[PDB]
Each structure stands twice: as structure tokens, then as C-alpha cells.
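Enquirer: Structure supplied as run-v4.txt; contents: compact mmCIF, C-alpha atoms and all ligand atoms.
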```
# COMPACT_ATOMS: atom_id res chain seq x y z
CA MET A 1 -17.62 1.36 6.87
CA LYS A 2 -14.09 1.79 8.19
CA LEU A 3 -11.12 0.16 6.51
CA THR A 4 -9.20 -1.74 9.16
CA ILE A 5 -5.54 -1.18 8.40
CA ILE A 6 -3.45 -3.70 10.29
CA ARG A 7 0.31 -3.90 10.58
CA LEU A 8 1.78 -7.27 9.67
CA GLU A 9 3.99 -8.04 12.63
CA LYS A 10 3.36 -11.76 12.32
CA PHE A 11 2.55 -13.84 9.27
CA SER A 12 0.37 -16.93 9.51
CA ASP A 13 0.18 -19.47 6.70
CA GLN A 14 -3.36 -18.23 6.19
CA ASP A 15 -2.09 -14.68 5.69
CA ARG A 16 0.71 -16.20 3.60
CA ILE A 17 -1.76 -17.63 1.08
CA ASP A 18 -3.92 -14.50 0.76
CA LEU A 19 -0.79 -12.37 0.34
CA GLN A 20 0.31 -14.60 -2.55
CA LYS A 21 -3.21 -14.17 -3.86
CA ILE A 22 -2.57 -10.43 -3.95
CA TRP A 23 0.88 -10.87 -5.51
CA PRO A 24 0.62 -13.85 -7.93
CA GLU A 25 4.03 -13.05 -9.41
CA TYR A 26 5.75 -12.97 -6.03
CA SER A 27 7.32 -16.20 -4.82
CA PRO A 28 6.69 -16.62 -1.05
CA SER A 29 9.75 -15.23 0.71
CA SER A 30 10.35 -15.29 4.46
CA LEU A 31 7.91 -12.40 4.93
CA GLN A 32 10.07 -10.60 7.44
CA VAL A 33 9.43 -7.06 8.63
CA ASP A 34 11.41 -4.72 10.84
CA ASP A 35 10.67 -1.29 12.32
CA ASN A 36 11.65 0.26 8.98
CA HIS A 37 10.24 -2.24 6.48
CA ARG A 38 6.62 -2.09 7.52
CA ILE A 39 3.99 -4.04 5.61
CA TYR A 40 0.46 -2.84 6.23
CA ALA A 41 -2.63 -4.83 5.37
CA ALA A 42 -5.96 -3.19 4.70
CA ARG A 43 -8.57 -5.73 5.68
CA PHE A 44 -12.13 -4.69 4.99
CA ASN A 45 -14.42 -7.01 6.94
CA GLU A 46 -11.78 -9.62 7.85
CA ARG A 47 -10.59 -9.96 4.25
CA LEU A 48 -7.62 -8.34 2.51
CA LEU A 49 -8.90 -5.58 0.26
CA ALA A 50 -5.58 -3.77 -0.15
CA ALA A 51 -1.92 -4.34 0.68
CA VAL A 52 0.93 -1.82 0.82
CA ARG A 53 4.60 -1.98 1.77
CA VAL A 54 6.30 1.10 3.17
CA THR A 55 9.93 1.20 4.19
CA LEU A 56 10.29 3.90 6.82
CA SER A 57 14.07 4.00 6.77
CA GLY A 58 14.64 6.34 9.67
CA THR A 59 12.32 9.29 9.19
CA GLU A 60 12.19 8.79 5.43
CA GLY A 61 9.12 7.20 3.88
CA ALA A 62 9.76 4.88 0.96
CA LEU A 63 6.53 3.59 -0.58
CA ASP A 64 7.20 0.60 -2.83
CA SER A 65 4.19 -1.48 -3.80
CA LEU A 66 0.44 -1.00 -3.38
CA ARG A 67 -2.24 -3.41 -4.58
CA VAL A 68 -5.93 -2.95 -3.99
CA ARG A 69 -8.27 -5.70 -5.20
CA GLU A 70 -8.96 -5.36 -8.94
CA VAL A 71 -12.68 -4.76 -8.40
CA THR A 72 -11.88 -1.87 -6.09
CA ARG A 73 -10.95 0.59 -8.83
CA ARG A 74 -13.04 3.31 -7.14
CA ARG A 75 -14.30 2.94 -3.58
CA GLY A 76 -12.30 5.50 -1.60
CA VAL A 77 -10.27 2.66 -0.02
CA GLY A 78 -7.05 3.54 -1.86
CA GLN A 79 -6.96 7.24 -1.00
CA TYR A 80 -8.34 6.55 2.47
CA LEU A 81 -5.45 4.17 3.08
CA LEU A 82 -2.77 6.54 1.76
CA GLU A 83 -4.16 9.46 3.76
CA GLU A 84 -4.50 7.23 6.84
CA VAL A 85 -0.82 6.28 6.60
CA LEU A 86 0.26 9.92 6.26
CA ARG A 87 -2.04 10.90 9.14
CA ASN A 88 -0.65 8.28 11.53
CA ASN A 89 2.99 8.75 10.54
CA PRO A 90 3.98 12.31 11.53
CA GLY A 91 7.45 13.79 11.24
CA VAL A 92 8.12 11.88 8.04
CA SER A 93 8.15 14.86 5.71
CA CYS A 94 9.69 13.15 2.70
CA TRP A 95 7.29 10.65 1.15
CA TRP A 96 8.90 8.96 -1.82
CA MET A 97 6.85 6.58 -3.95
CA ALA A 98 8.59 4.20 -6.33
CA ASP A 99 7.19 3.34 -9.75
CA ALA A 100 8.31 -0.29 -9.33
CA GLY A 101 8.08 -0.75 -13.10
CA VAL A 102 4.29 -0.82 -12.83
CA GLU A 103 2.54 -0.65 -16.21
CA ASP A 104 -0.75 0.40 -14.64
CA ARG A 105 1.27 3.46 -13.68
CA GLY A 106 -0.94 5.57 -15.92
CA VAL A 107 -3.89 4.71 -13.70
CA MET A 108 -1.67 4.93 -10.62
CA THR A 109 -0.47 8.45 -11.46
CA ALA A 110 -4.08 9.51 -12.08
CA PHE A 111 -4.82 8.27 -8.57
CA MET A 112 -1.68 10.01 -7.30
CA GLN A 113 -2.46 13.39 -8.88
CA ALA A 114 -6.05 13.36 -7.65
CA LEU A 115 -4.90 12.42 -4.15
CA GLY A 116 -1.99 14.84 -3.92
CA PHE A 117 1.27 13.42 -5.24
CA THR A 118 3.72 14.80 -7.79
CA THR A 119 5.94 12.90 -10.22
CA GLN A 120 9.58 13.99 -10.03
CA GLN A 121 12.50 12.55 -11.98
CA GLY A 122 11.67 8.87 -11.53
CA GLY A 123 8.85 8.40 -9.07
CA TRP A 124 6.24 10.20 -7.01
CA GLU A 125 7.21 12.67 -4.30
CA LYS A 126 5.16 14.22 -1.53
CA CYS A 127 7.19 16.47 0.74
CA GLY A 128 5.02 17.80 3.55
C1 LIG B 201 -5.69 1.60 -8.94
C2 LIG B 201 -6.40 1.28 -7.62
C3 LIG B 201 -5.52 1.76 -6.45
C4 LIG B 201 -7.76 2.01 -7.59
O1 LIG B 201 -7.98 1.54 -6.25
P1 LIG B 201 -9.01 2.29 -5.26
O2 LIG B 201 -8.77 1.82 -3.88
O3 LIG B 201 -10.38 2.11 -5.81
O4 LIG B 201 -8.58 3.84 -5.38
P2 LIG B 201 -9.56 5.00 -4.89
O5 LIG B 201 -10.95 4.46 -4.92
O6 LIG B 201 -9.08 5.52 -3.59
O7 LIG B 201 -9.39 6.12 -6.02
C5 LIG B 201 -10.52 6.56 -6.79
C6 LIG B 201 -9.93 7.97 -6.76
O8 LIG B 201 -8.57 7.96 -7.29
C7 LIG B 201 -8.49 8.94 -8.36
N1 LIG B 201 -8.42 8.26 -9.67
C8 LIG B 201 -8.26 8.85 -10.85
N2 LIG B 201 -8.26 7.91 -11.79
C9 LIG B 201 -8.42 6.73 -11.19
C10 LIG B 201 -8.49 5.48 -11.69
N3 LIG B 201 -8.39 5.35 -13.01
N4 LIG B 201 -8.66 4.42 -10.89
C11 LIG B 201 -8.77 4.62 -9.52
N5 LIG B 201 -8.69 5.92 -9.02
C12 LIG B 201 -8.52 6.95 -9.87
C13 LIG B 201 -9.73 9.81 -8.24
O9 LIG B 201 -9.47 10.93 -7.38
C14 LIG B 201 -10.74 8.91 -7.62
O10 LIG B 201 -11.64 9.67 -6.80
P3 LIG B 201 -13.23 9.50 -6.94
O11 LIG B 201 -13.54 7.96 -6.60
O12 LIG B 201 -13.97 10.43 -6.07
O13 LIG B 201 -13.59 9.72 -8.49
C15 LIG B 201 -6.62 -0.24 -7.52
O14 LIG B 201 -7.26 -0.71 -8.71
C16 LIG B 201 -5.26 -0.94 -7.35
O15 LIG B 201 -4.64 -0.84 -6.29
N6 LIG B 201 -4.83 -1.63 -8.42
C17 LIG B 201 -3.40 -1.84 -8.70
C18 LIG B 201 -2.74 -2.63 -7.55
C19 LIG B 201 -1.48 -2.82 -8.40
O16 LIG B 201 -1.40 -3.75 -9.21
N7 LIG B 201 -0.50 -1.94 -8.17
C20 LIG B 201 0.91 -2.26 -8.44
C21 LIG B 201 1.72 -2.19 -7.14
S1 LIG B 201 3.21 -2.87 -7.97
```
Any chance you could put this one into C-alpha cells?
Expert:
Amino acid sequence: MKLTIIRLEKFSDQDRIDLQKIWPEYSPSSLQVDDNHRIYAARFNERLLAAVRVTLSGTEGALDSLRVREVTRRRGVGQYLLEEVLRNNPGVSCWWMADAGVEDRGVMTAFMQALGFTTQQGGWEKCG
């Protein structure tokens, strides 16, 4: 079982629907990425199991939003994905994770602490 993390360089209307299924509060924008704003899609067996948006502004890593499917509250997928990103993106020493006003942040921080992130003055930081 390997989580296939794909980079969303092109958005079909099929992807469009499933993305809105992951973010039911998000009105369908243009869905437009660049070499900095990089949206990665973790598809486990063809289907979206997790979605994360990382804005690599230069060599700085800004992690905004991350949603794994609700049922996947413990299946390695989340940490696997985060580690995978940090293992395939070298040089980026400053990983900054936004809180995004998430209320499941209690659970999120528990995930963060057990994975290897620290909370500093308004968000999670991982310099390394
Ligand atoms: C929270 C969430 C990431 C758990 O997803 P996941 O892919 O199962 O995460 P993992 O399986 O990698 O993490 C389980 C590990 O995280 C840590 N952890 C601690 N508390 C945890 C918790 N309450 N839930 C999940 N992981 C937790 C542990 O180290 C655990 O390791 P273990 O399985 O060996 O015990 C998933 O439910 C999710 O993404 N939901 C929220 C998406 C969302 O709405 N986010 C807002 C973006 S605005």
C-alpha cells in the first residue's frame, strides 16, 4: 500500500467535483496553481484520500490547508504524506504551517506534535 501523491497541474471537472467534496465550504474558484502555489492530491487507489495545499514561495514552505478523509483519523496516510513532502522538497528549511482558523486544531496539533512540529506564536513551525 503506497499513497500516490500527485501534483495538480491540471484540473478536470471530475477532479473539480471531488475537490469540492473535500472542501464543502469552498466555492469552486478557478483552481489555478503556479510553481509556488502547489496543490498536491493524495489519491489512494484512484480516489482522493487526502488533499493539501503548500505555497512554496521561493525556498519558503507555507503549508495552509490539509484535509484527509474523515474516516482516515489513523492510517499513517497523514504523516506519510507530510514526511513525503518534506523528503521530496529539499533545501526548504523553513516549514511554516498555518492554523487557518481550524477548530479541529486540537487534533491537528496532536498530529503535529507526534509527527515532529512545534507551535510558535501563531502556527506550527518546522525549521530543518
Ligand atoms: C486529523 C487527520 C489528519 C488524521 O488523519 P490521518 O491521515 O489518519 O493522520 P495519521 O494517521 O497520519 O496520524 C495518526 C498519527 O497522528 C498522531 N495523532 C495524535 N492524535 C491524533 C489524532 N487525534 N488523530 C489523528 N492522528 C493523531 C499520532 O502520532 C498517530 O500515530 P499512530 O497512528 O501510530 O497512533 C484527518 O482526520 C484529517 O485530515 N482531518 C482534518 C482535515 C481537516 O478538516 N483539516 C482542516 C484543514 S483546514
Enquirer: Counting only C-alpha atoms and all ligand atoms, what are the residues, protein, DNA or RNA alike, that approach ligand LIG 201 (chain B) to within 10 Å? I want them as a VMD selection string.
Expert: chain A and resid 22 to 23 49 to 53 63 to 83 98 to 116
Enquirer: So which residues touch residue 57 in chain A within 9 Å, counting only C-alpha atoms, skipping near sequence neighbours fewer than 4 positions away, as a PDB file with C-alpha atoms, keeping the file's coordinate frame?
Expert:
```
ATOM      1  CA  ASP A  35      10.670  -1.290  12.320  1.00  0.00           C
ATOM      2  CA  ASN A  36      11.650   0.260   8.980  1.00  0.00           C
ATOM      3  CA  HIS A  37      10.240  -2.240   6.480  1.00  0.00           C
ATOM      4  CA  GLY A  61       9.120   7.200   3.880  1.00  0.00           C
ATOM      5  CA  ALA A  62       9.760   4.880   0.960  1.00  0.00           C
TER       6      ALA A  62
END
```
Enquirer: With distances taken over all atoms listed in the file, which residue among A:1, A:86, A:48, A:56 lies nearest residue 34 in chain A?
Expert: A:56
Enquirer: How far is it from CA of residue 46 in chain A to CA of residue 8 in chain A, in Å with one decimal?
Expert: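 Between these atoms lies a distance of 13.9 Å.
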Enquirer: Could you name the residues that touch residue 15 in chain A at 10 Å or less, counting only C-alpha atoms, but leaving out those on the same chain fewer than 5 positions away, as a PDB file with C-alpha atoms, keeping the file's coordinate frame?
Expert:
```pdb
ATOM      1  CA  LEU A   8       1.780  -7.270   9.670  1.00  0.00           C
ATOM      2  CA  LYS A  10       3.360 -11.760  12.320  1.00  0.00           C
ATOM      3  CA  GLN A  20       0.310 -14.600  -2.550  1.00  0.00           C
ATOM      4  CA  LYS A  21      -3.210 -14.170  -3.860  1.00  0.00           C
ATOM      5  CA  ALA A  41      -2.630  -4.830   5.370  1.00  0.00           C
ATOM      6  CA  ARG A  47     -10.590  -9.960   4.250  1.00  0.00           C
ATOM      7  CA  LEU A  48      -7.620  -8.340   2.510  1.00  0.00           C
TER       8      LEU A  48
END
```
Enquirer: In Å, how far is it from CA of residue 91 in chain A to CA of residue 38 in chain A?
Expert: 16.3 Å
Enquirer: Output as JSON the centre and edge lengths (Å, one decimal) of the box along x, y and z of the file that holds every listed atom of range 97-112 of chain A after adding 8 Å on each side.
Expert:
```
{"center_x": 1.9, "center_y": 4.6, "center_z": -10.1, "size_x": 29.4, "size_y": 26.8, "size_z": 28.3}
```
Enquirer: List the spatial neighbours of residue 127 in chain A as a short mmCIF file (atom, residue, chain, number, x, y, z; two decimals) with C-alpha atoms, in the coordinates of the input - criterion: any atom at most 8 Å away, only C-alpha atoms, same-chain residues fewer than 3 positions off excluded.
Expert:
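Written output follows (part-v1.cif):
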```
data_model
loop_
_atom_site.label_atom_id
_atom_site.label_comp_id
_atom_site.auth_asym_id
_atom_site.auth_seq_id
_atom_site.Cartn_x
_atom_site.Cartn_y
_atom_site.Cartn_z
CA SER A 93 8.15 14.86 5.71
CA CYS A 94 9.69 13.15 2.70
CA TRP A 95 7.29 10.65 1.15
#
```
Enquirer: One number please: CA of residue 118 in chain A to CA of residue 55 in chain A, in Å, one decimal.
Expert: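 According to the coordinates, CA of residue 118 in chain A and CA of residue 55 in chain A are separated by 19.2 Å.
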